[PDB]
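Below is structure.txt, holding compact mmCIF, N, CA and C atoms.
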# COMPACT_ATOMS: atom_id res chain seq x y z
N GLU B 1177 -10.07 29.22 -34.82
CA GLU B 1177 -9.43 28.97 -33.53
C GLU B 1177 -10.39 28.30 -32.55
N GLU B 1178 -11.64 28.77 -32.51
CA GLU B 1178 -12.63 28.16 -31.63
C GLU B 1178 -12.95 26.73 -32.07
N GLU B 1179 -13.07 26.51 -33.38
CA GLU B 1179 -13.33 25.16 -33.88
C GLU B 1179 -12.15 24.24 -33.59
N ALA B 1180 -10.93 24.71 -33.81
CA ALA B 1180 -9.75 23.89 -33.52
C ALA B 1180 -9.65 23.61 -32.02
N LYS B 1181 -9.91 24.62 -31.19
CA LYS B 1181 -9.87 24.41 -29.75
C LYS B 1181 -10.97 23.45 -29.30
N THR B 1182 -12.18 23.62 -29.85
CA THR B 1182 -13.27 22.71 -29.50
C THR B 1182 -13.00 21.30 -30.00
N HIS B 1183 -12.51 21.17 -31.24
CA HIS B 1183 -12.19 19.85 -31.76
C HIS B 1183 -11.04 19.21 -30.99
N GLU B 1184 -10.04 20.01 -30.60
CA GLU B 1184 -8.93 19.48 -29.83
C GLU B 1184 -9.39 18.97 -28.47
N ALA B 1185 -10.41 19.61 -27.88
CA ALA B 1185 -10.92 19.14 -26.60
C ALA B 1185 -11.54 17.76 -26.71
N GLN B 1186 -12.12 17.43 -27.87
CA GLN B 1186 -12.70 16.10 -28.06
C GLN B 1186 -11.63 15.02 -27.98
N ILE B 1187 -10.46 15.28 -28.57
CA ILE B 1187 -9.37 14.31 -28.50
C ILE B 1187 -8.87 14.17 -27.07
N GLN B 1188 -8.86 15.27 -26.32
CA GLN B 1188 -8.43 15.20 -24.93
C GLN B 1188 -9.38 14.36 -24.09
N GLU B 1189 -10.69 14.50 -24.33
CA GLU B 1189 -11.66 13.69 -23.60
C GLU B 1189 -11.50 12.21 -23.92
N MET B 1190 -11.21 11.89 -25.18
CA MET B 1190 -11.00 10.49 -25.56
C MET B 1190 -9.75 9.92 -24.89
N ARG B 1191 -8.72 10.73 -24.70
CA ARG B 1191 -7.50 10.27 -24.04
C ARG B 1191 -7.70 10.01 -22.55
N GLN B 1192 -8.80 10.50 -21.97
CA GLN B 1192 -9.10 10.29 -20.56
C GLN B 1192 -10.26 9.33 -20.34
N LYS B 1193 -11.35 9.49 -21.10
CA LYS B 1193 -12.48 8.59 -20.96
C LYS B 1193 -12.13 7.19 -21.43
N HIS B 1194 -11.57 7.07 -22.64
CA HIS B 1194 -11.18 5.76 -23.14
C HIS B 1194 -10.04 5.17 -22.32
N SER B 1195 -9.10 6.00 -21.89
CA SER B 1195 -8.00 5.51 -21.07
C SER B 1195 -8.49 5.00 -19.72
N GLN B 1196 -9.46 5.70 -19.12
CA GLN B 1196 -10.01 5.25 -17.84
C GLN B 1196 -10.72 3.92 -17.99
N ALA B 1197 -11.42 3.72 -19.11
CA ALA B 1197 -12.09 2.44 -19.34
C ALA B 1197 -11.08 1.31 -19.51
N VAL B 1198 -10.00 1.56 -20.24
CA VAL B 1198 -8.97 0.54 -20.41
C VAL B 1198 -8.25 0.28 -19.09
N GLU B 1199 -8.01 1.34 -18.32
CA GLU B 1199 -7.36 1.17 -17.02
C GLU B 1199 -8.24 0.38 -16.06
N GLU B 1200 -9.55 0.65 -16.08
CA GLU B 1200 -10.47 -0.09 -15.21
C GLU B 1200 -10.51 -1.56 -15.60
N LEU B 1201 -10.61 -1.85 -16.90
CA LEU B 1201 -10.61 -3.23 -17.35
C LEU B 1201 -9.25 -3.89 -17.12
N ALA B 1202 -8.17 -3.13 -17.32
CA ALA B 1202 -6.83 -3.68 -17.08
C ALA B 1202 -6.60 -3.98 -15.61
N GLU B 1203 -7.17 -3.17 -14.71
CA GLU B 1203 -7.02 -3.43 -13.28
C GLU B 1203 -7.65 -4.75 -12.89
N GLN B 1204 -8.85 -5.03 -13.42
CA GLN B 1204 -9.50 -6.30 -13.12
C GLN B 1204 -8.73 -7.48 -13.71
N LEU B 1205 -8.11 -7.29 -14.88
CA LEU B 1205 -7.33 -8.37 -15.47
C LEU B 1205 -6.12 -8.71 -14.62
N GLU B 1206 -5.43 -7.68 -14.10
CA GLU B 1206 -4.28 -7.93 -13.24
C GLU B 1206 -4.68 -8.63 -11.95
N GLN B 1207 -5.87 -8.33 -11.43
CA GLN B 1207 -6.33 -8.99 -10.22
C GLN B 1207 -6.53 -10.49 -10.44
N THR B 1208 -7.04 -10.86 -11.62
CA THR B 1208 -7.23 -12.28 -11.92
C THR B 1208 -5.90 -13.01 -12.03
N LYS B 1209 -4.86 -12.34 -12.55
CA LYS B 1209 -3.55 -12.97 -12.65
C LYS B 1209 -2.98 -13.26 -11.27
N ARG B 1210 -3.11 -12.32 -10.34
CA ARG B 1210 -2.62 -12.54 -8.99
C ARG B 1210 -3.39 -13.66 -8.29
N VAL B 1211 -4.70 -13.74 -8.54
CA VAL B 1211 -5.50 -14.80 -7.94
C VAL B 1211 -5.10 -16.16 -8.50
N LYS B 1212 -4.68 -16.21 -9.76
CA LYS B 1212 -4.25 -17.48 -10.35
C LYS B 1212 -3.00 -18.01 -9.66
N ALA B 1213 -2.09 -17.11 -9.27
CA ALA B 1213 -0.88 -17.55 -8.58
C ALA B 1213 -1.21 -18.16 -7.22
N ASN B 1214 -2.14 -17.55 -6.49
CA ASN B 1214 -2.53 -18.10 -5.19
C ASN B 1214 -3.25 -19.43 -5.36
N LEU B 1215 -4.10 -19.55 -6.38
CA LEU B 1215 -4.81 -20.80 -6.62
C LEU B 1215 -3.85 -21.91 -7.04
N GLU B 1216 -2.78 -21.57 -7.75
CA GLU B 1216 -1.81 -22.59 -8.16
C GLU B 1216 -1.12 -23.21 -6.96
N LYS B 1217 -0.78 -22.39 -5.96
CA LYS B 1217 -0.14 -22.92 -4.76
C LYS B 1217 -1.08 -23.82 -3.97
N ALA B 1218 -2.38 -23.51 -3.97
CA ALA B 1218 -3.33 -24.35 -3.25
C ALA B 1218 -3.45 -25.73 -3.88
N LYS B 1219 -3.32 -25.81 -5.21
CA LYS B 1219 -3.40 -27.10 -5.88
C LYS B 1219 -2.24 -28.01 -5.47
N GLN B 1220 -1.03 -27.45 -5.39
CA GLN B 1220 0.12 -28.25 -4.99
C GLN B 1220 0.01 -28.67 -3.53
N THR B 1221 -0.53 -27.79 -2.68
CA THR B 1221 -0.68 -28.13 -1.27
C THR B 1221 -1.85 -29.09 -1.04
N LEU B 1222 -2.97 -28.87 -1.73
CA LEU B 1222 -4.11 -29.75 -1.58
C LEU B 1222 -3.82 -31.14 -2.14
N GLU B 1223 -3.07 -31.21 -3.24
CA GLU B 1223 -2.74 -32.50 -3.82
C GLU B 1223 -1.81 -33.30 -2.91
N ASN B 1224 -0.91 -32.61 -2.20
CA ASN B 1224 0.00 -33.31 -1.29
C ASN B 1224 -0.75 -33.89 -0.10
N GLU B 1225 -1.76 -33.17 0.39
CA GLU B 1225 -2.53 -33.67 1.53
C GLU B 1225 -3.44 -34.83 1.11
N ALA I 1079 3.96 -23.94 20.66
CA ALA I 1079 3.65 -22.55 20.98
C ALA I 1079 4.68 -21.61 20.37
N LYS I 1080 5.93 -22.05 20.26
CA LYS I 1080 6.96 -21.21 19.65
C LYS I 1080 6.63 -20.92 18.19
N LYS I 1081 6.37 -21.98 17.41
CA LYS I 1081 6.00 -21.79 16.01
C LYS I 1081 4.63 -21.12 15.89
N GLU I 1082 3.70 -21.46 16.78
CA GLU I 1082 2.39 -20.83 16.75
C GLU I 1082 2.49 -19.35 17.08
N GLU I 1083 3.25 -19.00 18.12
CA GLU I 1083 3.44 -17.60 18.46
C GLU I 1083 4.16 -16.85 17.35
N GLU I 1084 5.22 -17.46 16.80
CA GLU I 1084 5.93 -16.83 15.69
C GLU I 1084 5.06 -16.77 14.44
N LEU I 1085 4.19 -17.76 14.23
CA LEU I 1085 3.30 -17.73 13.08
C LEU I 1085 2.33 -16.56 13.16
N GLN I 1086 1.82 -16.27 14.36
CA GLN I 1086 0.92 -15.14 14.53
C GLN I 1086 1.64 -13.82 14.24
N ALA I 1087 2.90 -13.71 14.67
CA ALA I 1087 3.67 -12.50 14.38
C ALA I 1087 3.92 -12.35 12.89
N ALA I 1088 4.24 -13.46 12.21
CA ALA I 1088 4.45 -13.40 10.77
C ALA I 1088 3.16 -13.04 10.04
N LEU I 1089 2.03 -13.60 10.48
CA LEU I 1089 0.76 -13.26 9.86
C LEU I 1089 0.41 -11.79 10.09
N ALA I 1090 0.70 -11.27 11.29
CA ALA I 1090 0.44 -9.87 11.56
C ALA I 1090 1.29 -8.95 10.70
N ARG I 1091 2.52 -9.37 10.38
CA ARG I 1091 3.37 -8.56 9.51
C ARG I 1091 2.77 -8.42 8.12
N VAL I 1092 2.12 -9.48 7.63
CA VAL I 1092 1.47 -9.41 6.32
C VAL I 1092 0.32 -8.41 6.35
N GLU I 1093 -0.47 -8.42 7.43
CA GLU I 1093 -1.56 -7.46 7.55
C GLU I 1093 -1.03 -6.04 7.67
N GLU I 1094 0.01 -5.84 8.49
CA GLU I 1094 0.60 -4.52 8.62
C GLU I 1094 1.24 -4.07 7.31
N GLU I 1095 1.97 -4.97 6.65
CA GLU I 1095 2.57 -4.64 5.37
C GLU I 1095 1.51 -4.44 4.29
N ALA I 1096 0.41 -5.19 4.36
CA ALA I 1096 -0.66 -5.01 3.38
C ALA I 1096 -1.31 -3.64 3.50
N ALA I 1097 -1.44 -3.12 4.72
CA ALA I 1097 -2.01 -1.79 4.90
C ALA I 1097 -1.16 -0.73 4.22
N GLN I 1098 0.16 -0.79 4.43
CA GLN I 1098 1.05 0.16 3.77
C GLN I 1098 1.09 -0.05 2.27
N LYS I 1099 0.99 -1.31 1.82
CA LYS I 1099 0.98 -1.58 0.38
C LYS I 1099 -0.27 -1.00 -0.27
N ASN I 1100 -1.41 -1.06 0.42
CA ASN I 1100 -2.64 -0.50 -0.13
C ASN I 1100 -2.51 1.01 -0.32
N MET I 1101 -1.94 1.71 0.67
CA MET I 1101 -1.74 3.14 0.54
C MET I 1101 -0.73 3.46 -0.56
N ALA I 1102 0.33 2.66 -0.66
CA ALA I 1102 1.32 2.87 -1.71
C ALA I 1102 0.73 2.60 -3.08
N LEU I 1103 -0.08 1.55 -3.21
CA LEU I 1103 -0.72 1.26 -4.49
C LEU I 1103 -1.69 2.37 -4.88
N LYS I 1104 -2.47 2.86 -3.92
CA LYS I 1104 -3.39 3.96 -4.21
C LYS I 1104 -2.63 5.23 -4.57
N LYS I 1105 -1.52 5.50 -3.87
CA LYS I 1105 -0.72 6.67 -4.19
C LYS I 1105 -0.09 6.56 -5.58
N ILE I 1106 0.30 5.34 -5.97
CA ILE I 1106 0.88 5.15 -7.30
C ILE I 1106 -0.16 5.44 -8.37
N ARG I 1107 -1.40 4.98 -8.16
CA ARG I 1107 -2.46 5.26 -9.12
C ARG I 1107 -2.78 6.75 -9.17
N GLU I 1108 -2.83 7.40 -8.01
CA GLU I 1108 -3.07 8.84 -7.98
C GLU I 1108 -1.92 9.61 -8.62
N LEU I 1109 -0.68 9.22 -8.32
CA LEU I 1109 0.47 9.88 -8.94
C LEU I 1109 0.51 9.62 -10.44
N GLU I 1110 0.15 8.41 -10.86
CA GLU I 1110 0.13 8.11 -12.29
C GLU I 1110 -0.92 8.95 -13.01
N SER I 1111 -2.07 9.15 -12.38
CA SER I 1111 -3.11 9.99 -12.98
C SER I 1111 -2.64 11.42 -13.14
N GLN I 1112 -1.90 11.93 -12.15
CA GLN I 1112 -1.37 13.29 -12.24
C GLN I 1112 -0.36 13.41 -13.37
N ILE I 1113 0.43 12.35 -13.60
CA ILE I 1113 1.39 12.37 -14.69
C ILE I 1113 0.68 12.45 -16.04
N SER I 1114 -0.44 11.73 -16.17
CA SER I 1114 -1.21 11.80 -17.41
C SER I 1114 -1.78 13.19 -17.64
N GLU I 1115 -2.32 13.81 -16.58
CA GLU I 1115 -2.83 15.17 -16.71
C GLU I 1115 -1.71 16.16 -16.99
N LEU I 1116 -0.56 15.99 -16.34
CA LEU I 1116 0.57 16.87 -16.59
C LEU I 1116 1.09 16.70 -18.02
N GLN I 1117 1.10 15.46 -18.52
CA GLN I 1117 1.55 15.22 -19.89
C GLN I 1117 0.62 15.89 -20.89
N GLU I 1118 -0.69 15.87 -20.62
CA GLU I 1118 -1.64 16.53 -21.51
C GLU I 1118 -1.42 18.04 -21.52
N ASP I 1119 -1.11 18.62 -20.36
CA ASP I 1119 -0.84 20.05 -20.30
C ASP I 1119 0.44 20.40 -21.06
N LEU I 1120 1.46 19.54 -20.96
CA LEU I 1120 2.69 19.78 -21.70
C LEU I 1120 2.45 19.73 -23.20
N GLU I 1121 1.71 18.72 -23.66
CA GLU I 1121 1.39 18.63 -25.08
C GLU I 1121 0.51 19.79 -25.52
N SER I 1122 -0.49 20.14 -24.71
CA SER I 1122 -1.35 21.28 -25.05
C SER I 1122 -0.57 22.59 -25.00
N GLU I 1123 0.26 22.77 -23.97
CA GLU I 1123 1.07 23.98 -23.89
C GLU I 1123 2.09 24.03 -25.02
N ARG I 1124 2.75 22.91 -25.30
CA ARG I 1124 3.71 22.87 -26.40
C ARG I 1124 3.01 23.08 -27.74
N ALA I 1125 1.85 22.45 -27.93
CA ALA I 1125 1.10 22.64 -29.17
C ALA I 1125 0.64 24.09 -29.31
N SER I 1126 0.17 24.69 -28.22
CA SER I 1126 -0.24 26.09 -28.27
C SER I 1126 0.95 27.00 -28.54
N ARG I 1127 2.13 26.65 -28.02
CA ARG I 1127 3.32 27.45 -28.27
C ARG I 1127 3.69 27.42 -29.75
N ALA M 1079 4.92 -31.17 12.97
CA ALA M 1079 5.63 -31.25 11.70
C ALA M 1079 4.91 -30.44 10.63
N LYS M 1080 3.60 -30.66 10.48
CA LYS M 1080 2.84 -29.89 9.50
C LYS M 1080 2.74 -28.43 9.88
N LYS M 1081 2.70 -28.13 11.18
CA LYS M 1081 2.63 -26.74 11.62
C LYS M 1081 3.90 -25.97 11.26
N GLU M 1082 5.05 -26.65 11.24
CA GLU M 1082 6.29 -25.98 10.88
C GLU M 1082 6.25 -25.48 9.44
N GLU M 1083 5.63 -26.25 8.54
CA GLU M 1083 5.51 -25.81 7.15
C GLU M 1083 4.63 -24.57 7.04
N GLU M 1084 3.58 -24.49 7.86
CA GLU M 1084 2.72 -23.31 7.84
C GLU M 1084 3.46 -22.07 8.31
N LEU M 1085 4.32 -22.21 9.32
CA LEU M 1085 5.09 -21.07 9.80
C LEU M 1085 6.06 -20.58 8.73
N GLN M 1086 6.71 -21.50 8.02
CA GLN M 1086 7.62 -21.10 6.95
C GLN M 1086 6.86 -20.43 5.81
N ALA M 1087 5.65 -20.90 5.51
CA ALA M 1087 4.86 -20.28 4.46
C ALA M 1087 4.46 -18.86 4.83
N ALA M 1088 4.07 -18.64 6.09
CA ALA M 1088 3.72 -17.29 6.52
C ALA M 1088 4.93 -16.37 6.49
N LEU M 1089 6.09 -16.87 6.92
CA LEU M 1089 7.30 -16.05 6.88
C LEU M 1089 7.69 -15.73 5.44
N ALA M 1090 7.55 -16.71 4.54
CA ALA M 1090 7.86 -16.46 3.13
C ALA M 1090 6.90 -15.44 2.52
N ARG M 1091 5.65 -15.42 2.98
CA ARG M 1091 4.69 -14.44 2.46
C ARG M 1091 5.12 -13.02 2.79
N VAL M 1092 5.75 -12.83 3.95
CA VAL M 1092 6.24 -11.50 4.31
C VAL M 1092 7.33 -11.05 3.35
N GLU M 1093 8.20 -11.97 2.95
CA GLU M 1093 9.25 -11.62 1.99
C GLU M 1093 8.65 -11.29 0.63
N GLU M 1094 7.65 -12.05 0.19
CA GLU M 1094 6.99 -11.76 -1.08
C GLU M 1094 6.29 -10.41 -1.03
N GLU M 1095 5.54 -10.16 0.04
CA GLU M 1095 4.87 -8.87 0.18
C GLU M 1095 5.87 -7.74 0.34
N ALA M 1096 6.96 -7.98 1.08
CA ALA M 1096 7.99 -6.96 1.23
C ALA M 1096 8.68 -6.67 -0.09
N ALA M 1097 8.93 -7.70 -0.90
CA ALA M 1097 9.55 -7.49 -2.20
C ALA M 1097 8.65 -6.65 -3.10
N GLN M 1098 7.36 -6.96 -3.14
CA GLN M 1098 6.43 -6.17 -3.94
C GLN M 1098 6.29 -4.76 -3.38
N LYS M 1099 6.25 -4.63 -2.05
CA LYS M 1099 6.16 -3.31 -1.44
C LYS M 1099 7.43 -2.50 -1.69
N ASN M 1100 8.59 -3.15 -1.63
CA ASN M 1100 9.84 -2.44 -1.90
C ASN M 1100 9.90 -1.96 -3.34
N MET M 1101 9.38 -2.76 -4.28
CA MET M 1101 9.36 -2.34 -5.67
C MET M 1101 8.47 -1.12 -5.88
N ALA M 1102 7.37 -1.02 -5.13
CA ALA M 1102 6.50 0.14 -5.25
C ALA M 1102 7.22 1.41 -4.81
N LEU M 1103 8.09 1.31 -3.81
CA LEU M 1103 8.84 2.48 -3.36
C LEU M 1103 9.76 2.99 -4.46
N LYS M 1104 10.39 2.08 -5.21
CA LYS M 1104 11.26 2.49 -6.30
C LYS M 1104 10.46 3.20 -7.39
N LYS M 1105 9.28 2.67 -7.72
CA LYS M 1105 8.44 3.32 -8.73
C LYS M 1105 7.90 4.65 -8.22
N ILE M 1106 7.61 4.74 -6.92
CA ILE M 1106 7.12 6.00 -6.36
C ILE M 1106 8.19 7.08 -6.49
N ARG M 1107 9.46 6.72 -6.28
CA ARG M 1107 10.54 7.68 -6.43
C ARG M 1107 10.66 8.16 -7.87
N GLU M 1108 10.45 7.25 -8.83
CA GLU M 1108 10.51 7.64 -10.23
C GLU M 1108 9.38 8.60 -10.59
N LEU M 1109 8.17 8.33 -10.08
CA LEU M 1109 7.05 9.22 -10.35
C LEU M 1109 7.27 10.59 -9.72
N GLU M 1110 7.89 10.62 -8.53
CA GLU M 1110 8.18 11.90 -7.89
C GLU M 1110 9.16 12.72 -8.71
N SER M 1111 10.23 12.08 -9.21
CA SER M 1111 11.19 12.79 -10.05
C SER M 1111 10.56 13.20 -11.37
N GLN M 1112 9.73 12.34 -11.95
CA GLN M 1112 9.06 12.69 -13.20
C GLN M 1112 8.07 13.83 -12.99
N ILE M 1113 7.35 13.83 -11.87
CA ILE M 1113 6.42 14.91 -11.59
C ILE M 1113 7.17 16.22 -11.40
N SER M 1114 8.30 16.18 -10.69
CA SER M 1114 9.10 17.39 -10.52
C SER M 1114 9.67 17.87 -11.84
N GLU M 1115 10.16 16.94 -12.67
CA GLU M 1115 10.69 17.33 -13.98
C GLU M 1115 9.58 17.86 -14.88
N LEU M 1116 8.39 17.26 -14.81
CA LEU M 1116 7.28 17.74 -15.62
C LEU M 1116 6.86 19.14 -15.20
N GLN M 1117 6.89 19.42 -13.89
CA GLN M 1117 6.55 20.76 -13.42
C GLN M 1117 7.55 21.79 -13.92
N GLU M 1118 8.84 21.44 -13.92
CA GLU M 1118 9.85 22.36 -14.43
C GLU M 1118 9.68 22.60 -15.93
N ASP M 1119 9.37 21.54 -16.68
CA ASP M 1119 9.14 21.70 -18.11
C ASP M 1119 7.90 22.54 -18.38
N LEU M 1120 6.83 22.32 -17.61
CA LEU M 1120 5.63 23.12 -17.77
C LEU M 1120 5.88 24.58 -17.42
N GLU M 1121 6.67 24.82 -16.37
CA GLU M 1121 6.99 26.19 -15.99
C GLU M 1121 7.82 26.87 -17.08
N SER M 1122 8.80 26.16 -17.63
CA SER M 1122 9.61 26.72 -18.71
C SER M 1122 8.76 27.00 -19.94
N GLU M 1123 7.89 26.06 -20.31
CA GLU M 1123 7.00 26.28 -21.45
C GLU M 1123 6.00 27.39 -21.16
N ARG M 1124 5.43 27.41 -19.96
CA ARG M 1124 4.50 28.47 -19.60
C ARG M 1124 5.21 29.81 -19.49
N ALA M 1125 6.40 29.83 -18.90
CA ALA M 1125 7.16 31.08 -18.81
C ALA M 1125 7.53 31.59 -20.20
N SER M 1126 7.97 30.70 -21.09
CA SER M 1126 8.29 31.11 -22.45
C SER M 1126 7.06 31.59 -23.20
N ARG M 1127 5.88 31.05 -22.87
CA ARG M 1127 4.66 31.49 -23.52
C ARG M 1127 4.35 32.95 -23.20
This structure in structure tokens:
Amino acid sequence: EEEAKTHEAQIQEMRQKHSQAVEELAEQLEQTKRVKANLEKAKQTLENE
Amino acid sequence: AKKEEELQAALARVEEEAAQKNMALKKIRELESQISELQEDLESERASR
Amino acid sequence: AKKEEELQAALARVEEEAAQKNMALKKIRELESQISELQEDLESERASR
């Protein structure tokens, strides 16, 4: 029971540590997508001027 | 001055709306984190049951 | 003439920000209901335990 509980805790840590790393990297990826939309509008406006 | 005055009001709305959006975005991330922790407790509680 | 286009762009930005902000409110309501439902499920599982 102690080994199963201790081993089960390792899987729980992976579901939070690895998930936090993916969430942190995913957050930066979404920020770049939003910046691309703003940069696209500047190209159409700058080209017209 | 009409368009300039109205432009300042429209720009201020974006800043005011951005402040509320920042709190809503932060609350969504905090609420999402609680859902992940609650889901782990449900799986752990269900598994223990 | 060019200033009129800037005023329309600022006004349109409020609609875009409002649309994204309005969508966050809908997701916040879903997380609130899910959190409440998760608490009831955890209480039932914990009570049954």
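From atom C of residue 1110 of chain I back to atom CA of residue 1187 of chain B, the distance works out to 18.4 Å.
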Quick one: contact table of chain I to chain B, 10 Å max, nearest atom pair and distance in Å to one decimal per residue, counting only C-alpha atoms, chain and number order, as a tab-separated table?
residue	atom	partner	partner_atom	distance
I:1111	CA	B:1192	CA	9.7
I:1114	CA	B:1192	CA	8.6
I:1115	CA	B:1192	CA	8.8
I:1118	CA	B:1188	CA	7.7
I:1122	CA	B:1184	CA	9.1
I:1126	CA	B:1181	CA	9.9
Exercise for the section: Write out as number ranges by chain which residues come within 8 Å of segment 1081-1097 of chain I when counting only N, CA and C atoms, dropping same-chain ones fewer than 5 positions away. Expected result: I: 1102-1103; M: 1081-1082, 1084-1093, 1095-1096, 1099
Kindly save the residues from that selection, with N, CA and C atoms included, as a compact mmCIF listing (two decimals), in the coordinates of the input.
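This is the output file selection-v6.txt:
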# COMPACT_ATOMS: atom_id res chain seq x y z
N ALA I 1102 0.33 2.66 -0.66
CA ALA I 1102 1.32 2.87 -1.71
C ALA I 1102 0.73 2.60 -3.08
N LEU I 1103 -0.08 1.55 -3.21
CA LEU I 1103 -0.72 1.26 -4.49
C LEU I 1103 -1.69 2.37 -4.88
N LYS M 1081 2.70 -28.13 11.18
CA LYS M 1081 2.63 -26.74 11.62
C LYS M 1081 3.90 -25.97 11.26
N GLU M 1082 5.05 -26.65 11.24
CA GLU M 1082 6.29 -25.98 10.88
C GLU M 1082 6.25 -25.48 9.44
N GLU M 1084 3.58 -24.49 7.86
CA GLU M 1084 2.72 -23.31 7.84
C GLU M 1084 3.46 -22.07 8.31
N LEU M 1085 4.32 -22.21 9.32
CA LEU M 1085 5.09 -21.07 9.80
C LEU M 1085 6.06 -20.58 8.73
N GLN M 1086 6.71 -21.50 8.02
CA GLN M 1086 7.62 -21.10 6.95
C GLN M 1086 6.86 -20.43 5.81
N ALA M 1087 5.65 -20.90 5.51
CA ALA M 1087 4.86 -20.28 4.46
C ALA M 1087 4.46 -18.86 4.83
N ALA M 1088 4.07 -18.64 6.09
CA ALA M 1088 3.72 -17.29 6.52
C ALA M 1088 4.93 -16.37 6.49
N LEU M 1089 6.09 -16.87 6.92
CA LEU M 1089 7.30 -16.05 6.88
C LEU M 1089 7.69 -15.73 5.44
N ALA M 1090 7.55 -16.71 4.54
CA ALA M 1090 7.86 -16.46 3.13
C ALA M 1090 6.90 -15.44 2.52
N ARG M 1091 5.65 -15.42 2.98
CA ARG M 1091 4.69 -14.44 2.46
C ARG M 1091 5.12 -13.02 2.79
N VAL M 1092 5.75 -12.83 3.95
CA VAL M 1092 6.24 -11.50 4.31
C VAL M 1092 7.33 -11.05 3.35
N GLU M 1093 8.20 -11.97 2.95
CA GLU M 1093 9.25 -11.62 1.99
C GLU M 1093 8.65 -11.29 0.63
N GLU M 1095 5.54 -10.16 0.04
CA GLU M 1095 4.87 -8.87 0.18
C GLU M 1095 5.87 -7.74 0.34
N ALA M 1096 6.96 -7.98 1.08
CA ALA M 1096 7.99 -6.96 1.23
C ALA M 1096 8.68 -6.67 -0.09
N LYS M 1099 6.25 -4.63 -2.05
CA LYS M 1099 6.16 -3.31 -1.44
C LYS M 1099 7.43 -2.50 -1.69
From the list I:1108, I:1120, I:1101, I:1079, the nearest residue to chain M using only N, CA and C atoms is I:1120
Here atom CA of residue 1113 of chain M and atom CA of residue 1183 of chain B stand apart by 27.9 Å
Between atom CA of residue 1182 of chain B and atom CA of residue 1125 of chain M lies a distance of 24.5 Å
